[PDB]
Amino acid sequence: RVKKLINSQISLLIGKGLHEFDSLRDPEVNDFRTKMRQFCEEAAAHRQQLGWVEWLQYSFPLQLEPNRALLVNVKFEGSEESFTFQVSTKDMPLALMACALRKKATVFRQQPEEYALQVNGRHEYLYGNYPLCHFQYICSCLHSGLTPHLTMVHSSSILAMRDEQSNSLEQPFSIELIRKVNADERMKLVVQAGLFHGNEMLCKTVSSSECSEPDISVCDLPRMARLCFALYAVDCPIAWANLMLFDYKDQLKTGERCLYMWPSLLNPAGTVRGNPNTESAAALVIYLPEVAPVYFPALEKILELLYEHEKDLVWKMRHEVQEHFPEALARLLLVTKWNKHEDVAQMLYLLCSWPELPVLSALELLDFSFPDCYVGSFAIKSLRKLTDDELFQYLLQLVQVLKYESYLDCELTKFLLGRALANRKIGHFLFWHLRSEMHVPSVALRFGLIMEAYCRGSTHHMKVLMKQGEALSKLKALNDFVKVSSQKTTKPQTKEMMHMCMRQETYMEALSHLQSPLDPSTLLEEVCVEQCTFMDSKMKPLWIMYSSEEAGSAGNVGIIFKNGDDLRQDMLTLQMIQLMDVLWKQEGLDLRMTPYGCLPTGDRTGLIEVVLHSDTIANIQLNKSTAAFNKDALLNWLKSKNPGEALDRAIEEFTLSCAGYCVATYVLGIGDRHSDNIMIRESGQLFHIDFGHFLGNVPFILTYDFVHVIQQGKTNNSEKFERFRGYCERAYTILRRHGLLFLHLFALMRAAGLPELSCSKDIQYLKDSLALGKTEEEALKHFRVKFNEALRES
């Protein structure tokens, strides 16, 4: 009964019963299940014998940054008696722990290596040989002015958490086209079939001969060949269906197949698995002739065997390309004749001795343009260099790429699960990236199986994620109530009844004491029902506040629950802005950005992190007790929050972040920016919210109200204004240098099916906004023309 409880909890957590998997009687699903279960359990066991600092690295990974004084409050576990030391920002955490043990021995009338520093009320720790200034928490405290509050956790306490979290021939390829079709009975049904190796067509779309019931050799068919079908009417499309010619066991598939079709001509990128709705979906009846069994040649036997003329020169000096331009691998792989086994064996032989490639080259090889499993394994082999922080930075894209995957057991799934089971922060976001897509039939089996496998290697983490899902379940029930109620009573009345609903023990228990799905290190402790509310927008989003005594003012955390809108594009936009910030900070440029959390959790559902101490441009402009001129409202609000000496740092914070968001919204093509979706923090930091439109679905924007604040309220201020232009120019030139990184990641995101990231037209927008094909001088002059055009429009 220890397994019956665990399995039913897994079913509940992943949003799919484990019985649904068994009832498929699918040897592939069964073989992924048992192989991945052992893989995950091995990792769980390796983790149960790690050292206490290694366990800290696992569950609470360090939050770092991409000579000065510091007052720090430090206390111990099991004692309210705090102590305020005065350490330097250049000191290591071990120096503070020695200071704390010195003050502890002096009071209690009495070794810092057996201790770790916990950030109060958070699952965040400070340990290692890193100066305090470089820990994100100390950095954030220094800028905010706040005193860092830490707790001296001993090794015997950390080890108790580890001990509490236990458990053949030239015969040309041919098909026989032998069902619930719904189309105009007056016209006729036609099926178009195409052979594909990724994007590349292996031969030519062999269509069919024009009711409700209806040039390639077999020896040259590549390992990952796709037979792609399209049911049209004769141009109105009806359905599509794809399948792999070779099975998961490398054997060539033979005999009849029933292809359950997806409703819409050819969709090569679409999954190679049938529609699960085997009741209403249209089906195609096909037959695979008998070649003999024939299993795709092994690596041992395989290794034994731009204009048109430019591609033939790249292929001729293919060995010179490996030995002198190894990074040009994708250029030669994209020129290889994938419909000729003779050239594919010669090309795969080169890839077997090809040196490793930088992560930027590996992220390119993960695109759909490279479906070969050998070239794909080489990509994950180069992708292991990825640091846990870099892997987190691209985790969303690596999850979308699983949609291109042709079989369930794959080296990307093995890698993602291996890296997830070695870091609880990576296992956390991998969980939510898969959980949030469980309502999508095409990914539900794949994602459902991965989440199950992870759960086998993390039974304690499953219980922690269960607590999150229960909170999200209650938030949907409270949000549906709020939607119905708001259409029938005054807002104050609905707010009072939302609070009574929340005050029920079913809700107080479920909504309290959980890790935030937006950030596992933020602990959501007591829900402040008096401070919770909903916004007046269509989906009545909930504004939920939390407090924690243990963390003081830092435990005051807000989250926004939204049901009814897709949050993926917002998440993507924010991740890109965070990447820009990391790139800018890597080149010594801190633009004081605010890349707050956005995490989709389910069907048109997700969370948004509340940034407290901020208001919208429109609310500051309609102040609540004056400005003689509206142009002075923002500057006056900044004066209200930053008296005397402080006003200068606030105008600087505004200038830097304004330059960052001006460049980010410009480069990413984010339009429809107005006083409602632009906010200012009391520090001066300007940031944007609600990114429902990107890639021009856009000129540089210079708002007069912001230029007035940048100019310290002066009508003419070239010293201030031109320093601002320098920031825009630097941030735009740093992002241009990493243009290939955004293009590769955006190319990987084509797998997500976001409507504003659909064809090459959308990717072209980024190339033009980043002016990549130009020299750095010509691009900077072009940006200058578009920036000067924005000041005149201001």
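Think of the rigid core as the biggest set of C-alphas that the two forms share within 1.5 Å after superposition. Just count from 1 along the sequence shown to find any residue number.
In summary, of the stretches 533-541 and 268-276, 533-541 shows the greater Cα distance from the shown form in 9 other deposited structures of this protein, with structures fitted on the rigid core. Between 614-622 and 403-411, the larger mean CA deviation from the shown form in 9 other deposited structures of this protein, after core superposition, belongs to 614-622. Notably, residue 563 is never a gap: all other compared entries of this protein, restricted to those modelling both its neighbours, have coordinates for it, so the one-third criterion is not met.
Checked against the other entries of this protein, residue 186 counts as unresolved in at least one third of those spanning it. Gap check for residue 753 to residue 754: zero deposited residues are absent from the model.
Gap check for residue 264 to residue 265: 4 to 9 deposited residues are absent from the model. Just going by the entry, 662-670 versus 277-285 on mean CA temperature factor gives the higher value to 277-285. Remark: stretch with higher mean C-alpha B factor among 265-273 and 306-314 is 306-314.
Taking the PDB entry at face value, the top CA B factor among 654, 543, 260, 704 belongs to 260.
Ranking 415, 432, 127, 229 by the C-alpha B-factor listed in the PDB entry places 229 at the top. In the PDB entry, residue 151 places in the middle third of its chain by CA B-factor. When the modelled residues of the chain are ordered by C-alpha B-factor, residue 470 sits in the lowest third. Sort the chain's modelled residues by C-alpha temperature factor and residue 676 lands in the lowest third, per the entry. When the modelled residues of the chain are ordered by their C-alpha B factor, residue 767 lands in the middle third. When all modelled residues of the chain are sorted by CA temperature factor, residue 37 is found within the middle third.
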